[PDB]
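Just the one chain here, the form deposited in one PDB entry, laid out as structure tokens.
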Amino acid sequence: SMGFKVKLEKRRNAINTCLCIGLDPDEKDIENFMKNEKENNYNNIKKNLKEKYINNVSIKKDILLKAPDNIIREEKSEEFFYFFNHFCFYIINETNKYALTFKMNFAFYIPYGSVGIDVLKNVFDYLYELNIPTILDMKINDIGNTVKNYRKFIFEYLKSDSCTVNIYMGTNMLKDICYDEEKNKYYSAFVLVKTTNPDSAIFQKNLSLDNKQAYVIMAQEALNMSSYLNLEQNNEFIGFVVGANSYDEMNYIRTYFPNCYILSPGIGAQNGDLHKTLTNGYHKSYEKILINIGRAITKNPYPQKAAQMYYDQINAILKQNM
């Protein structure tokens, strides 16, 4: 209805942050949650069961509402599903008051087969009920006919607000990701521009055209396609993934595309510098500089307090910049 641009602006006004909470639970995370709950009389699962919107998830809700001691003896084949989903609900419940957006990386939800995709659907359902803007980090790329399937999965099935896209194959893929001609629907995406892996320079900086590094060429082509699609008129956008640890490029991108939406992962687990990243990418509409924090919250044993201190530190830095 409102469109992602508007969702972001309105939630920014309500919670006054640009923290994007990453929800990438790994097998160890799920196993640790199960073990801790088991040894703590399921105190967090019990809290989960008291939240109202658990009642609105799509898949196997009745299983999720069962008492953990009954799951383990009467629905044991659903034990992994139940604890994985409950870990996600627990992180969301503990941290959502500090989050402008949640980003879920698809890779974490696929490796067990179908079960994690049901979890992923329920996570999207839950965030939707909470009116929290969402990003599916799936780095999708293919030819037009094929990518329409991702459009359906991400924007119709999950009802995500946005996704990440790798446009190395070409930009025209965005016509079949960010736009549905038959339905007249428009969607938002962040394209990979400068990534956090240690060898990201190999293609992103070392290749060039004219006198511009590849990452600039790619940012500019993504913006040309946004214009072509008239996304911003429809309250949607194509934005950029720029690594936290990539200060020069962040500085360059914010200077040269002054009003672009940036998503910046790499603080916490990957050691990026929060002050420098937020200052180089700063915009007064700070929804345009999403600071993603995943593992530094999810692998923190006190995730509410972890999210709070990122929120508070972001706030202090936002204030310094103005």
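Heads up, when I say rigid core I mean the largest set of C-alphas that superpose within 1.5 Å between the two forms. For every residue, the number given is its place in the sequence shown, counted from 1.
Student: Using the B-factors recorded in the PDB entry, average over the C-alpha atoms of 47 to 55 and of 60 to 68, then report which stretch comes out higher.
Tutor: Looking at the record's C-alpha B-factors, the answer is 47 to 55.
Student: So which stretch wins on mean C-alpha B-factor, 97 to 105 or 240 to 248?
Tutor: Mean B over CA atoms: larger for 240 to 248.
Student: Between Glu79, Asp161, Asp118, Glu74, which one tops the list for Cα B-factor in this entry?
Tutor: Highest C-alpha B-factor among the listed options: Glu74.
Student: Whose CA atom has the top B-factor in the entry, of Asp125, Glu181, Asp137, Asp142?
Tutor: Checking the PDB record, the top C-alpha B-factor among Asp125, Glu181, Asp137, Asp142 is at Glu181.
Student: If you rank every modelled residue in this chain by C-alpha B factor, which third holds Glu27: lowest, middle or highest?
Tutor: As the PDB entry reports it, the C-alpha B-factor of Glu27 lands in the middle third of its chain.
Student: Per the entry's values, where does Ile267 land by CA temperature factor relative to the rest of its chain, in the lowest, middle or highest third?
Tutor: Within its chain, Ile267 is a middle-third residue by C-alpha B-factor, going by the deposited values.
Student: Compare the C-alpha B factor of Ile293 with those of the other modelled residues in its chain, then answer lowest, middle or highest third.
Tutor: Bottom third by C-alpha B-factor.
Student: Going by the CA temperature factor in the PDB record, which third of the chain does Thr146 belong to: lowest, middle or highest?
Tutor: Ranked within chain, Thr146 CA B lands in the lowest tercile.
Student: Ordered by C-alpha B-factor within the chain, which third holds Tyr282? Give me lowest, middle or highest, please.
Tutor: According to the entry, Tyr282 has a C-alpha B-factor in the chain's middle third.
Beyond what is shown, the protein has a form deposited in another entry; the following relates to that form.
Student: Scan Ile143, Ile117, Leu207, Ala107 for the one whose CA shifts by 2 Å or more between the shown form and the other one after superposing the rigid core, and name it.
Tutor: The one that shifts is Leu207.
Student: Taking the rigid core as the reference frame, tell me whether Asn197 has a CA displacement of 2 angstroms or more between the shown form and the other one.
Tutor: Indeed, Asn197 is displaced by 2 Å or more.
Student: If the CA atoms of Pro198 and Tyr247 move by 3 Å or more in that other deposited form, do they move toward each other or away, so closer or farther than here?
Tutor: Closer in that other deposited form, by 3 Å or more.
Student: What happens to the Cα distance from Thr195 to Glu27 in that other deposited form: does it get closer or farther than here, with a change of 3 angstroms or more?
Tutor: Farther is correct, given that in that other deposited form the C-alpha spacing of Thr195 to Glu27 is increased by at least 3 Å.
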